[PDB]
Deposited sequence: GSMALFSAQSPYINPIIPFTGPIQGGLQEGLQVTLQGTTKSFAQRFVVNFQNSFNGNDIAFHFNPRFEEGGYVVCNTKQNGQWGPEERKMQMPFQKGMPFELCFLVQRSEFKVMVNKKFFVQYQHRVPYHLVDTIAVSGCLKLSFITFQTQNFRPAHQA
């Protein structure tokens, strides 16, 4: 059972950028509730420091049959991409998107089902910002702890 870590962001204007109080922490659950636009090609969820360094870049693309890119950006440089070759979102449809911060990875769920993992390439502690952009809208983003 989860408790809120910080007041949520409600109906935030895309492109959105906002602090995560105290930074990412083990057991933090970040939930995004929103709708993929009807003719969406891409969107982006970034966990960054304060766009130059992105610890975790989550980038669904409705291209080439539909797939999702996980990656990290350091000093302006993209690392090797990890692509999960399936599209768990649907243009025009609402979705629930959850990021669980674990010790060794982000676990990602889409609509209450496991979708991908992404092992930390830089520590999650240095993240104090979530940025969201691209072809979607959001009802909310929540922050929840088990503690």
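No C-alpha coordinates means not modelled. Give me those stretches of the deposited sequence in order.
According to the record, the gaps fall at 1 to 3, 54 to 55, 153 to 159.
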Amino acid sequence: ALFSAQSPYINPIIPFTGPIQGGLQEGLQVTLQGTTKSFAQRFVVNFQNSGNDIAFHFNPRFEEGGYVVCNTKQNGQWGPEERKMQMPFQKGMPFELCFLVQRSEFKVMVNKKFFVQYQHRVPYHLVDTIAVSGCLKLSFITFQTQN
From here on, numbers count along this sequence of modelled residues.
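Comparing 116 to 124 with 37 to 45, which stretch shows the greater average C-alpha B-factor in the deposited entry?
Taking the mean C-alpha B-factor of 116 to 124 and of 37 to 45, the larger value falls to 37 to 45.
Identify, among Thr31, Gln102, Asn111, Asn52, the residue whose C-alpha carries the highest B-factor in the deposited PDB entry.
Going by the entry's C-alpha B-factors, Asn52 comes out highest.
Among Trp78, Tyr67, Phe95, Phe106, where is the Cα temperature factor highest, going by the PDB entry?
Max CA B-factor in the entry, restricted to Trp78, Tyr67, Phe95, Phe106: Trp78.
When the deposited Cα B-factors of this chain's modelled residues are ordered and cut into thirds, is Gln86 in the lowest, the middle or the highest one?
Middle third.
Considering every modelled residue of the chain and its Cα B-factor in the PDB entry, is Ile130 in the lowest, middle or highest third?
For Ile130, the deposited C-alpha B-factor lands in the lowest third.
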